[PDB]
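Chains here go by letter, A, B, C, D and E, matching the order in which they are written, and residues are numbered from 1 within each.
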C-alpha cells in the first residue's frame, strides 16, 4: 500500500531527486522546498508556509473539516502546534509590533504609577487610631508577666 | 494612504495586503492551474474510496504516514553533528542542568549555614 | 510467601493441561484467586516487618507492590486474549506461561530477604519481558526495542552485582535486616563514591532516570498490550523499591551524590512533560508521561525524608494503575483502527460514550486530581522537596501545569471534536474492554478511602 | 446534639443524593432536571436554619467527623468549618443555583443531554460547597480542583466545537498557574506550622511571612481571574448561558477572593501582601471595565463586568476589609446571576443571537426581561438602597478613607465610572432604539420557569442587601465622619459614567462616520493581551517542546552519547578484530611478537 | 456567471435524492416500538386514581410526591446524620467544637446561675 519508496528520505542534493521528492509529497517541483540541510534531521520533508490551520479557508469542503485538511496533501511539519486549539498566526487588525508596544506601555505605565502612588499615598487628616490598655497589650498576646511600657492617650 | 500593517511570524500578512496577488503573470496562472489539478486528483482519489459501499475501515493516508515517520524515525538518519547542532545540544541539554544545580546548591548552602549558627527558626517544623 | 508463590506456580501446569478454549477462563479465574490471597499481606505491623522465613519477608513497602502485581496478571489476560485470538493453542499457552513466569519472578523479587537473591529475581524478569516484547510485538521496531531494554538494564545491573558481592565480602551479609541493623556511615572517598554509583545506577536506569530513558519509549510502545501494562506498572517500580532498600547503606554519601540525579530528574520531568505536548503517537505519549512521574519518585527517594518516601510509595502504586489504564485505553482504539497515530481517530466521544468516560477518568487520575492517591503522592513529594529547598516549587509547579496540559490535550484530541469521516469501523465497546477499564479504575478510587495501605512503612 | 451541626451537614448530603440516583431510573427519564432542582430548593430551605441560629446568637462550629489518616504528627480529617462565611454563603449560593436550574429547565429544554447537564450543575455545586465549608487546606484543595474540572467540563459542554474545547483548556491552564501558588501555600504551612487546618494555622502565624501569603494571592488571582491570569473568564462564555450565570459570574469565580477572606487573620498582619492584592485588584477592575465599554457581545460585556467586580473584591480585601468583600460576594451573586439570565432570555428569544448590534427595541417587546435587566444594572451601579448599595458604596467609602495607594484609589474610582458606562451600553443597544434583528419575530418571554427564576433573583436584587446588612453583627468599625464630597463620591462617579456613556451612545445616531482611534482599538481588542500572550509564549513553549526537548535531545544527542557511539565503537572494533587474512604466516609472526613481549618489557620471566 | 447546465442538473438530482432521504427520516406512528415493562403497586394506585388528574387529585399527587421526597431525602438523611454525630462523632474529644457564645454584662449564666455584672456608668455623651 505504502512502499519504502513513498517514505520521507534524506535531503535532496541534485535536482532530479528534488523533483522526485516533490512528486512523493504530491507537490509541484517549483513549489517543493525542503528545510535547509543543517544537521537537524529534516531530510526531504517539504518546508510549507508556517501558517496556522485557522488561516485556512473555512468555506471550503475539506476532507477533514475540523482540521481543515485534505486527504493526501502534504502535512506541515508543525501541524500539531498550528491546530485551531493551539498557536494562531492569523493576521490581526493592528500589527504585531504596535500591539506589543501598546500592551507593554500600558503595563509599564500602570506599574510605575502604582509605585508612585505607593511613595505618594492617599490618606485622611487624622492622628493614629487609639486603643486602651496599652494598645491592647494582653489582647494581642503580650506576655502577662512582663509589664508593658504604658501607652497613654489623652482627652485632647 | 493609511498606517501600514506590518506582518509578523505570529500575526502574518493577509492575502488582500500581499503585492503578489496584484501582479499575476501567465506562468502564475499556469502554476495555479497545476495546483488545482493536483488538488483535484487527490480529491477524486479520496472520494472514490470514501463513497465505496464495499470499503470498511480507514482510508490509509500516505501524507499522514509520511508526516508521522518524518517526525519520529527519519530524524536520526538525517541528523549531523554540526556547530549549530552541537552548540544547541550543549546549551539546552547541559545548560539548564548546571544552572539549576548552581541555584539549588547556593540555596542549600545558605540554608545549612543558617542552620549551623541557628539563625534559621524551625519552631514548629517537626514534619519533614 | 509459599501460600502465594506455589498457587502462582500451579498456574503453569493448569494452563498447559487445560482445554484449548478454557485457557483464558482458567488463567483469569485462578489469577484473580491468587490476587485475593495476596491482600492478606496488607496486614502489617507498626514497627517490625512480616518476617516469614529466612528467605522471604514482607513490609508496608512491598505488600502494595505484590498486590499490584497479582492484580495486574488477570487484567493482562483480559487485554491479551483479543489480539491473540488467531494464535495457536501452544503459542497462547506460551504467552500465558511468560506472564505467569513474570508474575512469579516479581513476587519473589519484592519479598527476597537477601540482596543477591533480589538481584537474581529482578534480573530474571528481563527474560519473559524480552520474550514478550520481541516475539509478540507487532512492528519490526520491537527487535531494536528489545535490544535497547535488555542492554540498558544490563549495563546498569552488572556493576550492581559487583558492588553487592563486594559488600557481602566486607560486611559479611547481604541480608536486608542485618544490613539495616549493622549500618555503617559511608565515608567520602572515590572508592565509596563509585560503590554508591554501582549500588544506584541499576535502579536509576530501571526507573528510568532522565537521560537514561531512551529504551522506555521504544519498549513500552513496541510491546504488546500486556507487555506495556507490566513494563509501565510493575517493572519501573523495581528501581524505586530497590533504591529505597539500598539507600540505607549509602548515607551520608547520598547527601551530595544525589545532586546530579536530583538535577537530572527535576529538569527532565519538565523536559519529558514538554515532549508529551508534541507526541504524535498516543502510546508514545503515554510512555513518555511515565518518565515524569518516575522522576518525581527519583527526587523523593533521593531526598530521603519520611514524607518523601511516603509520597514515592503512593505515587508508584497510583502510576502503575493509571499508566496501565491509559495503555489499555489506547490499545482499544488501536485494535479498531490498527494505528497508534493520535489524530487518526478523533471525536470518539460521540461514538464510544462510556469509553470516553473511562478516558476522562484516566486523564483525571494522570492529572493528579485530589483526593486521588496520585495527588497524595505528588503532594507529599512536593512538600518534602519544598522543605529540601523552597526553589523546588517552581519546577514542580511547572511540571504539574504541563502535565495538566498534555493530559487534557490527549483527552481533547482523541475524544472531542468531529469524528473522522472515513473511519467506519468503530464498533461498540465490548463488555471485556469496559470491564478492563472498570477493574483498572475502581480499586484506584477505593484506595482513597484507606490511603495508608500504599503510604509505605514510614507511615 | 445541637441541630446546627446536623442541619449544616444534611444540607451538604442532600446535594449528593441525585448524583447517586443518576444511574437508577429517574436519570433516564425527563423528570431528572426537575428532581435535581427540587433537591436544590429543599437544600436551600434547610440551610436557612443554621443561618437563623447564627443570626440569633452567632452559632459557629467546626465539625471533624471522619478521621482519614495521620502522618506521624499531622492528622488529616474531614473537617467542616460552619462559620459566618459558610452559613451565609451556602444559602445564597443554593438560592442562586435554584434559580439557575429552574432557568435551565427552559433554556436547555431542547438539549438531548439535559439530564447530564443538570447532573454536572449539581456536581459543581457539591464541589463548591466542599470548597466553602472546608476547615483544612487539603479539603479546600479538593473543592478547588473539583470546581476547576467541573468548569472545564461545562465550558466545553459542546465538545464538537473547537473554540469551546480551547476555552475549557485555557481555563484549566490559568487555574493551574494559580494552583502552583495554592500548593506553595500548602507546602509552606505544612513545613512551618505543621498543619493544614485553619485553627492551628491561625494559631502559629501571628506574624505570617510573605511566601505563604504570596502563594495564596497567586491562587486567588488564578481563580478570580485577576490581571495577568484574567483572560480565561471572558472566554469561559463558551459554556451555555446557565453555566456562565452559575459558575463564571456569581458562585465559582469568587473562590479566589473567598480563599483570601478565609485567611484574613494572616493577611491582616502583612502590609506588603495587602498592598499587592490591593494593586492587583485595582488594575484588574480598571482594565476589565475598560474592555467592556467597547464589547459587542452581551455575554462578553457581562463577563468583563464580573471580572471588574472580582477586582473590586480584591481591592476591598487589600484594604483590610474582608467582611466587606464577603458581603459584596453575596450581594453580587444575586444581580449578576439575574443579569446573565436576562441576557440568556434575550439570546433565546433572538435565536441564539448574542450581538447587541443586532438587538434593539426590546424594551417593549420583552417587558419583564427589561424590568429585570434595568433593576439588575441599577443594583450593579450601586443605586441607593438596592442590593449593591449595601456593599459597594461602603467599599468606595472605605477605600476613599484609608491609607491607600493613590493610583489604586484613582483606578477603582474610574472603574466605578466605567461600570455605569457599560451598563448604559447594554441597555442602550439591547433595549432602546429600533429593532435590528431579523424580521421573523420570535420574541417570547412568557414562560413560567424563566419568569419565576428571574423574579426570585429580582426580589433578591432589590431587598437582599437591606436584609443581610441588618441581620449580620458588626464585623468592622464604621466610617461615620467623612467629607460630603467623599460621601457622595461613588454616586457622583457613577452618574458621570452614566451621562458620558449616554452622550457617546446618542452620537451613534448622527450621520457621521469616522475610523476608530487607537484607544478604541486597545479597549476593544482587550489591550491585545490575548493577541500577544496566547501566541508568543505558547508558540515558544510548543516549538521548544518539539525542536529541543524531543528531536535535539531525545532523538539525537541522547542517542548519540551513550547507545549510538558505544555501538559504533563495538562495530569498529569487531571489524578490526574479525577481518583477518587467514594466513598462517601472519598469525605466527604475531605469535613471535607476543612471545618476545612476554620475555621483555612485560615483566614476566623476571 | 451562474450555474453551468451540468452543475444545475447535478444539483437538482442531488436535491431530489436529498429530499427523498430527508422525507425517509420521518418516524411512523408505530415507531418507536417499545418493549414490555412492569408496573409496581406504588405506581399501580396512580393509574387508577391519577387517571383523571383533577385539581383536587393534582394537589394530593403533589402532596404524596413531596412527602415521599421529604422523608426519603431529608428525614432519613437527617436521621442518619444526627445519629452519627450524636453517638459516634461526639463520642471522641474535640470532634465537634463550638465557638462559645458571647457573654454580655447583665447576662445570667444558665449552668451556674450567676448574673454578669452590668457595665459601669457611661460617661454620658449626649447627642
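Definition applied: a residue touches a chain if its C-beta (ideal position, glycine included) is under 8 Å from a C-beta of that chain, and two chains touch if they have at least 3 such contacts.
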Chain with minimal offset from the mean of all protein Cα atoms: D
Which of B-C and A-D has more C-beta pairs touching across its chains: A-D
Between subunit D and subunit E, centroid-to-centroid distance (C-alpha), Å: 25
Centre distance in Å when subunit C and subunit D are each reduced to the mean of their C-alpha atoms: 36
CA centroid of subunit B to CA centroid of subunit D, Å: 31
Centre-to-centre distance between subunit E and subunit C (centres being mean Cα positions), rounded to whole Å: 44
For subunit A, residues that touch 2 or more chains besides their own: 40-41, 63, 66, 71, 79, 81, 85, 87-89, 92, 94, 99
Where subunit B touches two or more other chains, by residue: 9-11, 46, 50, 59, 64, 67, 71-72, 75-76, 79, 81, 85, 125, 127-128
For subunit E, residues contacting two or more additional chains: none
Chains touching one another, given as label pairs in label order: A-B, A-C, A-D, B-C, B-D, C-D, D-E
Of all residues in subunit D, those that touch subunit C in their complex: 68-69, 71-72, 138, 141-142, 145-146, 149, 152, 156, 159-160, 162, 165, 169, 172-173, 176-177, 179-180, 183-184, 186-188, 190-191, 211, 541-542, 544-546, 549-550, 553-554, 558-559, 562-563
Complex interface listing, subunit B residues touching subunit C: 46, 49-50, 56-59, 64, 67-68, 71-72, 96-98, 100-101, 103-105, 107-108, 111, 125, 127-128
Footprint of subunit A on subunit C - complex, ascending: 278, 280, 343, 346-347, 409, 412-413, 417-418, 420-422
Parts of subunit A lying in touch with subunit C, wherever the complex brings them together: 63-67, 71, 79-81, 85
List of subunit C residues in touch with subunit D within their complex: 148, 151-152, 211-212, 214, 217, 271-272, 274-275, 277-279, 306-307, 310, 347, 349-350, 364, 369-371, 379, 382-383, 386-387, 390, 393, 396-398, 400-401, 404-405, 408-409, 412, 415-418, 451-452, 455, 459
